[PDB]
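Student: My file is target.cif. It has mmCIF, N, CA and C atoms and all ligand atoms:
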```cif
data_my_file
loop_
_atom_site.label_atom_id
_atom_site.label_comp_id
_atom_site.auth_asym_id
_atom_site.auth_seq_id
_atom_site.Cartn_x
_atom_site.Cartn_y
_atom_site.Cartn_z
N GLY A 1 2.80 22.13 -4.08
CA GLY A 1 3.62 22.48 -2.92
C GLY A 1 4.23 21.29 -2.20
N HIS A 2 4.71 20.29 -2.96
CA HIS A 2 5.35 19.10 -2.40
C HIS A 2 6.45 18.58 -3.32
N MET A 3 7.44 17.89 -2.74
CA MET A 3 8.54 17.28 -3.48
C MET A 3 9.08 16.09 -2.68
N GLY A 4 9.75 15.17 -3.38
CA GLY A 4 10.25 13.96 -2.76
C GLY A 4 11.72 13.76 -2.96
N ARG A 5 12.22 12.62 -2.47
CA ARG A 5 13.63 12.29 -2.52
C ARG A 5 13.87 10.78 -2.40
N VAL A 6 15.14 10.38 -2.44
CA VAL A 6 15.54 8.99 -2.30
C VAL A 6 16.27 8.86 -0.96
N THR A 7 15.70 8.06 -0.05
CA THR A 7 16.32 7.78 1.26
C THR A 7 16.56 6.29 1.31
N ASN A 8 17.37 5.81 2.27
CA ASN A 8 17.66 4.38 2.42
C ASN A 8 16.39 3.57 2.78
N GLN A 9 15.52 4.16 3.61
CA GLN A 9 14.26 3.54 4.04
C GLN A 9 13.25 3.48 2.89
N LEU A 10 13.16 4.56 2.08
CA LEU A 10 12.28 4.61 0.91
C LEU A 10 12.70 3.61 -0.17
N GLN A 11 14.02 3.43 -0.36
CA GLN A 11 14.61 2.48 -1.31
C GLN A 11 14.32 1.05 -0.83
N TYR A 12 14.38 0.82 0.51
CA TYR A 12 14.05 -0.47 1.12
C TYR A 12 12.54 -0.77 0.89
N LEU A 13 11.67 0.24 1.08
CA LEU A 13 10.23 0.10 0.86
C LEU A 13 9.89 -0.29 -0.59
N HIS A 14 10.68 0.20 -1.55
CA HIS A 14 10.53 -0.05 -2.98
C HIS A 14 11.13 -1.41 -3.37
N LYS A 15 12.43 -1.60 -3.12
CA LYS A 15 13.19 -2.79 -3.50
C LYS A 15 12.90 -4.04 -2.68
N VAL A 16 12.53 -3.91 -1.39
CA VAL A 16 12.27 -5.08 -0.55
C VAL A 16 10.76 -5.29 -0.30
N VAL A 17 10.09 -4.32 0.35
CA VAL A 17 8.68 -4.39 0.77
C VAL A 17 7.73 -4.55 -0.42
N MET A 18 7.73 -3.58 -1.37
CA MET A 18 6.87 -3.61 -2.56
C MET A 18 7.14 -4.85 -3.44
N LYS A 19 8.40 -5.30 -3.52
CA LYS A 19 8.76 -6.50 -4.29
C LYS A 19 8.10 -7.76 -3.69
N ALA A 20 8.05 -7.88 -2.36
CA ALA A 20 7.44 -9.05 -1.70
C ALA A 20 5.92 -9.04 -1.82
N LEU A 21 5.30 -7.84 -1.75
CA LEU A 21 3.86 -7.68 -1.75
C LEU A 21 3.21 -7.71 -3.11
N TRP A 22 3.83 -7.04 -4.13
CA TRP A 22 3.30 -6.93 -5.49
C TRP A 22 3.02 -8.26 -6.20
N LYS A 23 3.92 -9.23 -6.02
CA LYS A 23 3.94 -10.56 -6.66
C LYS A 23 3.13 -11.66 -5.90
N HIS A 24 2.66 -11.34 -4.68
CA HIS A 24 1.93 -12.26 -3.81
C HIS A 24 0.60 -12.68 -4.45
N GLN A 25 0.23 -13.94 -4.18
CA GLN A 25 -1.00 -14.59 -4.59
C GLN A 25 -2.25 -13.70 -4.34
N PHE A 26 -2.29 -13.02 -3.16
CA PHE A 26 -3.41 -12.20 -2.68
C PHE A 26 -3.33 -10.71 -3.03
N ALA A 27 -2.30 -10.29 -3.78
CA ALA A 27 -2.09 -8.87 -4.14
C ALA A 27 -3.05 -8.28 -5.16
N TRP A 28 -3.54 -9.09 -6.13
CA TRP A 28 -4.35 -8.61 -7.27
C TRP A 28 -5.50 -7.62 -6.89
N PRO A 29 -6.32 -7.72 -5.80
CA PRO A 29 -7.37 -6.68 -5.60
C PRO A 29 -6.81 -5.33 -5.17
N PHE A 30 -5.57 -5.34 -4.64
CA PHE A 30 -4.86 -4.20 -4.08
C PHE A 30 -3.94 -3.47 -5.08
N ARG A 31 -3.73 -4.06 -6.27
CA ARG A 31 -2.85 -3.50 -7.31
C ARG A 31 -3.41 -2.26 -8.03
N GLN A 32 -4.68 -1.94 -7.84
CA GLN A 32 -5.32 -0.80 -8.50
C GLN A 32 -6.41 -0.24 -7.61
N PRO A 33 -6.90 1.00 -7.81
CA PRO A 33 -7.92 1.53 -6.88
C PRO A 33 -9.19 0.70 -6.82
N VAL A 34 -9.86 0.70 -5.63
CA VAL A 34 -11.15 0.00 -5.45
C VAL A 34 -12.11 0.63 -6.46
N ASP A 35 -12.73 -0.20 -7.33
CA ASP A 35 -13.70 0.25 -8.33
C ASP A 35 -15.09 -0.03 -7.78
N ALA A 36 -15.65 0.95 -7.07
CA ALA A 36 -16.93 0.85 -6.38
C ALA A 36 -18.13 0.64 -7.30
N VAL A 37 -18.09 1.17 -8.54
CA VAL A 37 -19.18 0.95 -9.51
C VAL A 37 -19.16 -0.53 -9.98
N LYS A 38 -17.97 -1.04 -10.36
CA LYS A 38 -17.78 -2.44 -10.78
C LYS A 38 -18.21 -3.43 -9.69
N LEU A 39 -17.93 -3.08 -8.43
CA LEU A 39 -18.18 -3.93 -7.27
C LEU A 39 -19.60 -3.80 -6.70
N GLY A 40 -20.31 -2.72 -7.07
CA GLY A 40 -21.65 -2.43 -6.59
C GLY A 40 -21.67 -1.92 -5.16
N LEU A 41 -20.74 -1.00 -4.82
CA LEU A 41 -20.58 -0.42 -3.48
C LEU A 41 -20.82 1.13 -3.49
N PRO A 42 -22.09 1.61 -3.63
CA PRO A 42 -22.32 3.07 -3.74
C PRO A 42 -21.98 3.93 -2.52
N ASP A 43 -21.79 3.29 -1.34
CA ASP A 43 -21.44 3.99 -0.10
C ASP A 43 -19.93 4.07 0.15
N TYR A 44 -19.12 3.37 -0.67
CA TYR A 44 -17.66 3.29 -0.49
C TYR A 44 -16.97 4.64 -0.37
N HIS A 45 -17.20 5.57 -1.33
CA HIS A 45 -16.57 6.89 -1.31
C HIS A 45 -17.22 7.84 -0.29
N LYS A 46 -18.39 7.48 0.27
CA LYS A 46 -19.02 8.27 1.35
C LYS A 46 -18.32 7.90 2.68
N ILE A 47 -18.01 6.60 2.88
CA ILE A 47 -17.33 6.08 4.07
C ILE A 47 -15.80 6.29 4.02
N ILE A 48 -15.17 5.89 2.89
CA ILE A 48 -13.71 5.97 2.71
C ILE A 48 -13.34 7.32 2.08
N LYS A 49 -12.71 8.18 2.88
CA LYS A 49 -12.31 9.54 2.49
C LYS A 49 -10.94 9.61 1.81
N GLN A 50 -10.06 8.63 2.08
CA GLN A 50 -8.72 8.59 1.50
C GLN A 50 -8.43 7.22 0.90
N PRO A 51 -8.97 6.93 -0.32
CA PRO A 51 -8.68 5.63 -0.97
C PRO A 51 -7.19 5.51 -1.25
N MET A 52 -6.66 4.28 -1.16
CA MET A 52 -5.25 3.98 -1.40
C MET A 52 -5.13 2.55 -1.89
N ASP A 53 -4.14 2.29 -2.74
CA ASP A 53 -3.84 0.99 -3.34
C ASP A 53 -2.33 0.89 -3.61
N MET A 54 -1.83 -0.33 -3.89
CA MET A 54 -0.40 -0.61 -4.16
C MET A 54 0.13 -0.02 -5.48
N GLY A 55 -0.73 0.10 -6.49
CA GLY A 55 -0.37 0.69 -7.79
C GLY A 55 0.05 2.14 -7.64
N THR A 56 -0.73 2.91 -6.85
CA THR A 56 -0.48 4.32 -6.50
C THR A 56 0.83 4.42 -5.70
N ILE A 57 1.02 3.53 -4.68
CA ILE A 57 2.24 3.52 -3.85
C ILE A 57 3.47 3.24 -4.72
N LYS A 58 3.41 2.20 -5.59
CA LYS A 58 4.48 1.79 -6.50
C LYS A 58 4.89 2.95 -7.42
N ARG A 59 3.91 3.57 -8.08
CA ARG A 59 4.10 4.71 -8.98
C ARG A 59 4.75 5.88 -8.21
N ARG A 60 4.28 6.16 -6.98
CA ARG A 60 4.84 7.20 -6.11
C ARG A 60 6.30 6.90 -5.74
N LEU A 61 6.64 5.63 -5.50
CA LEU A 61 8.02 5.23 -5.19
C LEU A 61 8.92 5.38 -6.41
N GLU A 62 8.42 4.99 -7.60
CA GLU A 62 9.14 5.08 -8.88
C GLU A 62 9.43 6.53 -9.32
N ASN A 63 8.54 7.48 -8.96
CA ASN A 63 8.65 8.88 -9.34
C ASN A 63 9.22 9.76 -8.23
N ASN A 64 9.76 9.14 -7.15
CA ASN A 64 10.34 9.85 -6.00
C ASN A 64 9.39 10.94 -5.44
N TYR A 65 8.12 10.58 -5.22
CA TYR A 65 7.06 11.47 -4.74
C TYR A 65 7.18 11.79 -3.24
N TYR A 66 7.67 10.82 -2.46
CA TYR A 66 7.76 10.93 -1.00
C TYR A 66 9.02 11.63 -0.52
N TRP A 67 8.86 12.51 0.49
CA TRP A 67 9.95 13.22 1.18
C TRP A 67 10.57 12.28 2.25
N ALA A 68 9.74 11.48 2.91
CA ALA A 68 10.15 10.59 3.97
C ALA A 68 9.38 9.28 3.92
N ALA A 69 10.03 8.19 4.37
CA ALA A 69 9.49 6.82 4.46
C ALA A 69 8.19 6.72 5.25
N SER A 70 8.00 7.59 6.27
CA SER A 70 6.79 7.65 7.11
C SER A 70 5.52 7.93 6.29
N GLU A 71 5.65 8.74 5.22
CA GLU A 71 4.56 9.10 4.30
C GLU A 71 4.14 7.87 3.49
N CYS A 72 5.12 7.08 3.03
CA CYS A 72 4.88 5.85 2.29
C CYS A 72 4.25 4.77 3.20
N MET A 73 4.73 4.67 4.46
CA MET A 73 4.23 3.72 5.46
C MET A 73 2.78 4.05 5.85
N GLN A 74 2.44 5.34 5.86
CA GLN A 74 1.09 5.82 6.10
C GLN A 74 0.15 5.36 4.97
N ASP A 75 0.60 5.43 3.70
CA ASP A 75 -0.20 4.98 2.56
C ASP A 75 -0.54 3.49 2.66
N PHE A 76 0.44 2.66 3.07
CA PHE A 76 0.22 1.22 3.29
C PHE A 76 -0.80 0.99 4.39
N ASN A 77 -0.64 1.69 5.53
CA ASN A 77 -1.53 1.63 6.68
C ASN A 77 -2.98 2.00 6.28
N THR A 78 -3.15 3.09 5.51
CA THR A 78 -4.44 3.56 5.01
C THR A 78 -5.13 2.51 4.12
N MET A 79 -4.37 1.92 3.17
CA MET A 79 -4.87 0.88 2.27
C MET A 79 -5.45 -0.32 3.05
N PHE A 80 -4.70 -0.83 4.05
CA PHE A 80 -5.12 -1.98 4.87
C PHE A 80 -6.33 -1.65 5.75
N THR A 81 -6.26 -0.52 6.48
CA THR A 81 -7.31 -0.01 7.37
C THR A 81 -8.62 0.26 6.63
N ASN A 82 -8.55 0.84 5.40
CA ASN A 82 -9.74 1.12 4.58
C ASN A 82 -10.51 -0.18 4.35
N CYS A 83 -9.77 -1.24 4.00
CA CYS A 83 -10.26 -2.58 3.72
C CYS A 83 -10.98 -3.19 4.92
N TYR A 84 -10.34 -3.17 6.11
CA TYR A 84 -10.93 -3.73 7.34
C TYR A 84 -12.16 -2.98 7.83
N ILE A 85 -12.12 -1.64 7.82
CA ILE A 85 -13.22 -0.83 8.35
C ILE A 85 -14.44 -0.84 7.44
N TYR A 86 -14.23 -0.82 6.11
CA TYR A 86 -15.35 -0.82 5.18
C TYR A 86 -16.06 -2.19 5.09
N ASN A 87 -15.30 -3.25 4.95
CA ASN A 87 -15.84 -4.58 4.69
C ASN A 87 -16.39 -5.32 5.89
N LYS A 88 -17.15 -6.39 5.59
CA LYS A 88 -17.77 -7.27 6.57
C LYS A 88 -16.70 -8.21 7.09
N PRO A 89 -16.70 -8.53 8.40
CA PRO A 89 -15.65 -9.43 8.94
C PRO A 89 -15.53 -10.82 8.29
N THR A 90 -16.61 -11.30 7.64
CA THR A 90 -16.70 -12.61 6.97
C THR A 90 -16.28 -12.56 5.48
N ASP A 91 -16.02 -11.35 4.94
CA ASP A 91 -15.55 -11.21 3.55
C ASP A 91 -14.11 -11.71 3.45
N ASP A 92 -13.79 -12.52 2.42
CA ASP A 92 -12.46 -13.08 2.20
C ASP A 92 -11.40 -12.03 1.92
N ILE A 93 -11.80 -10.85 1.40
CA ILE A 93 -10.91 -9.71 1.15
C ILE A 93 -10.13 -9.31 2.42
N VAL A 94 -10.79 -9.42 3.60
CA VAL A 94 -10.26 -9.11 4.93
C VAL A 94 -9.07 -10.00 5.25
N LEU A 95 -9.21 -11.32 5.02
CA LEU A 95 -8.14 -12.30 5.25
C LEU A 95 -6.96 -12.09 4.28
N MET A 96 -7.26 -11.68 3.03
CA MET A 96 -6.24 -11.35 2.02
C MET A 96 -5.43 -10.15 2.50
N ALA A 97 -6.10 -9.09 3.04
CA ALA A 97 -5.41 -7.89 3.56
C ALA A 97 -4.53 -8.26 4.77
N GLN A 98 -5.07 -9.09 5.70
CA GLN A 98 -4.39 -9.57 6.90
C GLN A 98 -3.08 -10.29 6.53
N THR A 99 -3.13 -11.18 5.52
CA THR A 99 -1.97 -11.95 5.03
C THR A 99 -0.86 -11.00 4.56
N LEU A 100 -1.20 -10.00 3.74
CA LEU A 100 -0.25 -9.00 3.19
C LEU A 100 0.28 -8.05 4.26
N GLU A 101 -0.59 -7.65 5.21
CA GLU A 101 -0.18 -6.73 6.27
C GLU A 101 0.87 -7.37 7.20
N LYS A 102 0.75 -8.69 7.45
CA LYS A 102 1.71 -9.44 8.27
C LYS A 102 3.10 -9.40 7.61
N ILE A 103 3.17 -9.63 6.27
CA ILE A 103 4.41 -9.55 5.50
C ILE A 103 4.99 -8.13 5.59
N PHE A 104 4.13 -7.10 5.40
CA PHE A 104 4.49 -5.69 5.48
C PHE A 104 5.18 -5.35 6.81
N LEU A 105 4.56 -5.74 7.93
CA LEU A 105 5.06 -5.52 9.29
C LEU A 105 6.44 -6.18 9.52
N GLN A 106 6.61 -7.46 9.09
CA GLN A 106 7.87 -8.20 9.21
C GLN A 106 8.99 -7.48 8.45
N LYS A 107 8.70 -7.04 7.21
CA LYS A 107 9.67 -6.30 6.40
C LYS A 107 10.03 -4.96 7.03
N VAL A 108 9.02 -4.23 7.60
CA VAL A 108 9.27 -2.93 8.25
C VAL A 108 10.22 -3.13 9.47
N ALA A 109 10.07 -4.25 10.20
CA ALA A 109 10.93 -4.60 11.34
C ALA A 109 12.41 -4.75 10.94
N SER A 110 12.69 -5.27 9.72
CA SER A 110 14.06 -5.48 9.18
C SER A 110 14.64 -4.27 8.42
N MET A 111 13.91 -3.16 8.35
CA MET A 111 14.29 -1.94 7.65
C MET A 111 15.48 -1.26 8.35
N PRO A 112 16.44 -0.63 7.60
CA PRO A 112 17.52 0.13 8.29
C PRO A 112 16.88 1.17 9.20
N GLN A 113 17.28 1.18 10.48
CA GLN A 113 16.68 1.96 11.55
C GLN A 113 16.80 3.50 11.45
N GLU A 114 17.85 4.04 10.79
CA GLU A 114 18.01 5.51 10.67
C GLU A 114 17.86 5.96 9.22
N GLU A 115 16.98 6.94 9.00
CA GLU A 115 16.68 7.47 7.69
C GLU A 115 17.75 8.45 7.21
N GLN A 116 18.36 8.16 6.04
CA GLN A 116 19.44 8.95 5.44
C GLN A 116 19.18 9.10 3.96
N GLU A 117 19.37 10.31 3.41
CA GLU A 117 19.21 10.53 1.98
C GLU A 117 20.38 9.87 1.23
N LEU A 118 20.10 9.30 0.05
CA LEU A 118 21.12 8.69 -0.79
C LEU A 118 21.41 9.57 -1.99
N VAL A 119 22.64 9.44 -2.51
CA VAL A 119 23.09 10.11 -3.70
C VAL A 119 22.89 9.07 -4.81
N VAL A 120 21.85 9.24 -5.60
CA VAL A 120 21.62 8.29 -6.68
C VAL A 120 21.67 9.07 -7.97
N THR A 121 22.70 8.78 -8.78
CA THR A 121 23.00 9.44 -10.05
C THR A 121 22.10 8.97 -11.21
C1 LIG B 201 -8.88 -4.06 -1.96
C2 LIG B 201 -10.32 -4.07 -1.59
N1 LIG B 201 -10.71 -3.56 -0.46
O1 LIG B 201 -12.13 -3.70 -0.42
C3 LIG B 201 -12.53 -4.31 -1.56
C4 LIG B 201 -13.98 -4.58 -1.69
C5 LIG B 201 -11.45 -4.55 -2.35
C6 LIG B 201 -11.46 -5.04 -3.75
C7 LIG B 201 -10.97 -4.23 -4.76
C8 LIG B 201 -11.10 -4.57 -6.10
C9 LIG B 201 -10.71 -3.49 -7.06
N2 LIG B 201 -9.41 -3.14 -7.12
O2 LIG B 201 -11.58 -2.87 -7.67
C10 LIG B 201 -11.68 -5.80 -6.46
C11 LIG B 201 -12.16 -6.65 -5.41
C12 LIG B 201 -12.04 -6.26 -4.08
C13 LIG B 201 -12.73 -7.82 -6.05
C14 LIG B 201 -13.30 -9.00 -5.57
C15 LIG B 201 -13.72 -9.97 -6.46
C16 LIG B 201 -13.59 -9.80 -7.84
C17 LIG B 201 -14.14 -10.88 -8.72
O3 LIG B 201 -15.27 -11.28 -8.51
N3 LIG B 201 -13.36 -11.44 -9.67
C18 LIG B 201 -12.00 -11.07 -10.07
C19 LIG B 201 -11.04 -12.30 -10.07
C20 LIG B 201 -9.71 -11.93 -10.67
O4 LIG B 201 -11.61 -13.34 -10.89
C21 LIG B 201 -12.89 -13.76 -10.41
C22 LIG B 201 -13.36 -14.88 -11.32
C23 LIG B 201 -13.87 -12.54 -10.49
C24 LIG B 201 -13.04 -8.62 -8.34
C25 LIG B 201 -12.60 -7.65 -7.44
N4 LIG B 201 -11.96 -6.44 -7.69
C26 LIG B 201 -11.61 -5.93 -9.02
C27 LIG B 201 -10.12 -5.96 -9.28
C28 LIG B 201 -9.58 -7.01 -10.17
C29 LIG B 201 -9.58 -5.61 -10.63
#
```
Can the structure from this file be put into structure tokens for me?

Tutor:
Amino acid sequence: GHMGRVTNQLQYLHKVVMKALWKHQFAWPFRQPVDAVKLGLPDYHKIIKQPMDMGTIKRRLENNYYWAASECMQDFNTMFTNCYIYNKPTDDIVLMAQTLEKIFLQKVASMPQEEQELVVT
């Protein structure tokens, strides 16, 4: 019971935002879902109810899964927040998320302000 589309903001999130974040030095733990068995975190899925990662976001952008840019921005917010709330403040993963979230926020500030659907053939 869901469908997506191509908007100017969603295209910006794919072509500008995801391009800057995907290739970053600190992106590698965020490129695929948190593997709690590999990491030895048996409480992860008890605490985190909505896991999210950049690989899922990228795939969703490529397959036009989102109806609006706000849904994609929520996925980014969830991914960063999951990381901060679950982990210890002294874990380096926290600083890696902080570095990427700062880039994310700056790019969102430069996004075209009004959401419009595009005709993409
Ligand atoms: C994100 C995130 N939020 O909370 C946590 C915890 C995470 C989060 C998520 C993942 C994941 N996606 O499963 C994850 C890590 C942290 C993580 C930390 C360290 C190492 C590690 O020790 N390495 C790998 C490095 C390439 O080389 C070293 C030599 C050894 C692997 C890790 N992975 C595995 C991923 C590479 C596939």

Student: Restricting the calculation to all atoms listed in the file, which member of A:119, A:67, A:108, A:34 is positioned closest to residue 2 in chain A?

Tutor: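 The closest residue to residue 2 in chain A is A:67.
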
Student: Can you pull out every residue from range 55-91 of chain A that DSSP, working from the backbone, puts in helix (DSSP H, G or I), and format the result as a PyMOL selection string?

Tutor: chain A and resi 55-62+69-86

Student: Just write the chosen residues, N, CA and C atoms, as a short mmCIF file (atom, residue, chain, number, x, y, z; two decimals), in the coordinates of the input.

Tutor:
```
data_model
loop_
_atom_site.label_atom_id
_atom_site.label_comp_id
_atom_site.auth_asym_id
_atom_site.auth_seq_id
_atom_site.Cartn_x
_atom_site.Cartn_y
_atom_site.Cartn_z
N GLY A 55 -0.73 0.10 -6.49
CA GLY A 55 -0.37 0.69 -7.79
C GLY A 55 0.05 2.14 -7.64
N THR A 56 -0.73 2.91 -6.85
CA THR A 56 -0.48 4.32 -6.50
C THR A 56 0.83 4.42 -5.70
N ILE A 57 1.02 3.53 -4.68
CA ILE A 57 2.24 3.52 -3.85
C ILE A 57 3.47 3.24 -4.72
N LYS A 58 3.41 2.20 -5.59
CA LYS A 58 4.48 1.79 -6.50
C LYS A 58 4.89 2.95 -7.42
N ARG A 59 3.91 3.57 -8.08
CA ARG A 59 4.10 4.71 -8.98
C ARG A 59 4.75 5.88 -8.21
N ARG A 60 4.28 6.16 -6.98
CA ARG A 60 4.84 7.20 -6.11
C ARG A 60 6.30 6.90 -5.74
N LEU A 61 6.64 5.63 -5.50
CA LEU A 61 8.02 5.23 -5.19
C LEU A 61 8.92 5.38 -6.41
N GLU A 62 8.42 4.99 -7.60
CA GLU A 62 9.14 5.08 -8.88
C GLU A 62 9.43 6.53 -9.32
N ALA A 69 10.03 8.19 4.37
CA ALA A 69 9.49 6.82 4.46
C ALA A 69 8.19 6.72 5.25
N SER A 70 8.00 7.59 6.27
CA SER A 70 6.79 7.65 7.11
C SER A 70 5.52 7.93 6.29
N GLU A 71 5.65 8.74 5.22
CA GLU A 71 4.56 9.10 4.30
C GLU A 71 4.14 7.87 3.49
N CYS A 72 5.12 7.08 3.03
CA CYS A 72 4.88 5.85 2.29
C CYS A 72 4.25 4.77 3.20
N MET A 73 4.73 4.67 4.46
CA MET A 73 4.23 3.72 5.46
C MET A 73 2.78 4.05 5.85
N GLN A 74 2.44 5.34 5.86
CA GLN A 74 1.09 5.82 6.10
C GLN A 74 0.15 5.36 4.97
N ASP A 75 0.60 5.43 3.70
CA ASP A 75 -0.20 4.98 2.56
C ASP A 75 -0.54 3.49 2.66
N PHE A 76 0.44 2.66 3.07
CA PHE A 76 0.22 1.22 3.29
C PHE A 76 -0.80 0.99 4.39
N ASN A 77 -0.64 1.69 5.53
CA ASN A 77 -1.53 1.63 6.68
C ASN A 77 -2.98 2.00 6.28
N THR A 78 -3.15 3.09 5.51
CA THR A 78 -4.44 3.56 5.01
C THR A 78 -5.13 2.51 4.12
N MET A 79 -4.37 1.92 3.17
CA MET A 79 -4.87 0.88 2.27
C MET A 79 -5.45 -0.32 3.05
N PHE A 80 -4.70 -0.83 4.05
CA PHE A 80 -5.12 -1.98 4.87
C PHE A 80 -6.33 -1.65 5.75
N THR A 81 -6.26 -0.52 6.48
CA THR A 81 -7.31 -0.01 7.37
C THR A 81 -8.62 0.26 6.63
N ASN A 82 -8.55 0.84 5.40
CA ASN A 82 -9.74 1.12 4.58
C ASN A 82 -10.51 -0.18 4.35
N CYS A 83 -9.77 -1.24 4.00
CA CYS A 83 -10.26 -2.58 3.72
C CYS A 83 -10.98 -3.19 4.92
N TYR A 84 -10.34 -3.17 6.11
CA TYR A 84 -10.93 -3.73 7.34
C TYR A 84 -12.16 -2.98 7.83
N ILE A 85 -12.12 -1.64 7.82
CA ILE A 85 -13.22 -0.83 8.35
C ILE A 85 -14.44 -0.84 7.44
N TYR A 86 -14.23 -0.82 6.11
CA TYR A 86 -15.35 -0.82 5.18
C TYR A 86 -16.06 -2.19 5.09
#
```

Student: Which residues form the shell of 6.5 Å around ligand LIG 201 (chain B) when you count only N, CA and C atoms and all ligand atoms, given as a PDB file with N, CA and C atoms, keeping the file's coordinate frame?

Tutor:
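File produced: pocket_11.pdb:
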```pdb
ATOM      1  N   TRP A  28      -3.540  -9.090  -6.130  1.00  0.00           N
ATOM      2  CA  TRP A  28      -4.350  -8.610  -7.270  1.00  0.00           C
ATOM      3  C   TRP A  28      -5.500  -7.620  -6.890  1.00  0.00           C
ATOM      4  N   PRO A  29      -6.320  -7.720  -5.800  1.00  0.00           N
ATOM      5  CA  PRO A  29      -7.370  -6.680  -5.600  1.00  0.00           C
ATOM      6  C   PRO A  29      -6.810  -5.330  -5.170  1.00  0.00           C
ATOM      7  N   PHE A  30      -5.570  -5.340  -4.640  1.00  0.00           N
ATOM      8  CA  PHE A  30      -4.860  -4.200  -4.080  1.00  0.00           C
ATOM      9  C   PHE A  30      -3.940  -3.470  -5.080  1.00  0.00           C
ATOM     10  N   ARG A  31      -3.730  -4.060  -6.270  1.00  0.00           N
ATOM     11  CA  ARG A  31      -2.850  -3.500  -7.310  1.00  0.00           C
ATOM     12  C   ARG A  31      -3.410  -2.260  -8.030  1.00  0.00           C
ATOM     13  N   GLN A  32      -4.680  -1.940  -7.840  1.00  0.00           N
ATOM     14  CA  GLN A  32      -5.320  -0.800  -8.500  1.00  0.00           C
ATOM     15  C   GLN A  32      -6.410  -0.240  -7.610  1.00  0.00           C
ATOM     16  N   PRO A  33      -6.900   1.000  -7.810  1.00  0.00           N
ATOM     17  CA  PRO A  33      -7.920   1.530  -6.880  1.00  0.00           C
ATOM     18  C   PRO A  33      -9.190   0.700  -6.820  1.00  0.00           C
ATOM     19  N   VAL A  34      -9.860   0.700  -5.630  1.00  0.00           N
ATOM     20  CA  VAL A  34     -11.150   0.000  -5.450  1.00  0.00           C
ATOM     21  C   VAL A  34     -12.110   0.630  -6.460  1.00  0.00           C
ATOM     22  N   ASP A  35     -12.730  -0.200  -7.330  1.00  0.00           N
ATOM     23  CA  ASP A  35     -13.700   0.250  -8.330  1.00  0.00           C
ATOM     24  C   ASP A  35     -15.090  -0.030  -7.780  1.00  0.00           C
ATOM     25  N   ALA A  36     -15.650   0.950  -7.070  1.00  0.00           N
ATOM     26  CA  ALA A  36     -16.930   0.850  -6.380  1.00  0.00           C
ATOM     27  C   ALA A  36     -18.130   0.640  -7.300  1.00  0.00           C
ATOM     28  N   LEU A  39     -17.930  -3.080  -8.430  1.00  0.00           N
ATOM     29  CA  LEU A  39     -18.180  -3.930  -7.270  1.00  0.00           C
ATOM     30  C   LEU A  39     -19.600  -3.800  -6.700  1.00  0.00           C
ATOM     31  N   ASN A  82      -8.550   0.840   5.400  1.00  0.00           N
ATOM     32  CA  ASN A  82      -9.740   1.120   4.580  1.00  0.00           C
ATOM     33  C   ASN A  82     -10.510  -0.180   4.350  1.00  0.00           C
ATOM     34  N   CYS A  83      -9.770  -1.240   4.000  1.00  0.00           N
ATOM     35  CA  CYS A  83     -10.260  -2.580   3.720  1.00  0.00           C
ATOM     36  C   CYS A  83     -10.980  -3.190   4.920  1.00  0.00           C
ATOM     37  N   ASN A  87     -15.300  -3.250   4.950  1.00  0.00           N
ATOM     38  CA  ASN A  87     -15.840  -4.580   4.690  1.00  0.00           C
ATOM     39  C   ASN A  87     -16.390  -5.320   5.890  1.00  0.00           C
ATOM     40  N   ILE A  93     -11.800 -10.850   1.400  1.00  0.00           N
ATOM     41  CA  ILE A  93     -10.910  -9.710   1.150  1.00  0.00           C
ATOM     42  C   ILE A  93     -10.130  -9.310   2.420  1.00  0.00           C
TER      43      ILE A  93
END
```

Student: Quick one: contact table of range 34-108 of chain A to range 9-14 of chain A, 7 Å max, nearest atom pair and distance in Å to one decimal per residue, counting only N, CA and C atoms, chain and number order, as JSON lines?

Tutor:
```
{"residue": "A:61", "atom": "CA", "partner": "A:14", "partner_atom": "CA", "distance": 6.3}
{"residue": "A:68", "atom": "C", "partner": "A:10", "partner_atom": "CA", "distance": 6.3}
{"residue": "A:69", "atom": "CA", "partner": "A:10", "partner_atom": "N", "distance": 4.9}
```

Student: Identify, on the basis of only C-alpha atoms, every residue whose closest approach to range 48-53 of chain A does not exceed 12 Å; exclude the query and any residue fewer than 2 positions from it along the same chain; express the result as a ChimeraX atom specification.

Tutor: /A:18,21-22,27-36,41-46,55-60,72-87,97

Student: As an exercise, work out the distance from atom C of residue 102 in chain A to atom C of residue 66 in chain A in Å and give it to one decimal place.

Tutor: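 Separation between atom C of residue 102 in chain A and atom C of residue 66 in chain A: 23.3 Å.
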
Student: How many Å lie between CA of residue 6 in chain A and CA of residue 62 in chain A, rounded to one decimal?

Tutor: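 Atom-to-atom, CA of residue 6 in chain A and CA of residue 62 in chain A are spaced 10.0 Å apart.
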
Student: Could you state the separation of atom N of residue 95 in chain A and CA of residue 40 in chain A in Å, given to one decimal place?

Tutor: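 Pair atom N of residue 95 in chain A / CA of residue 40 in chain A returns 19.2 Å.
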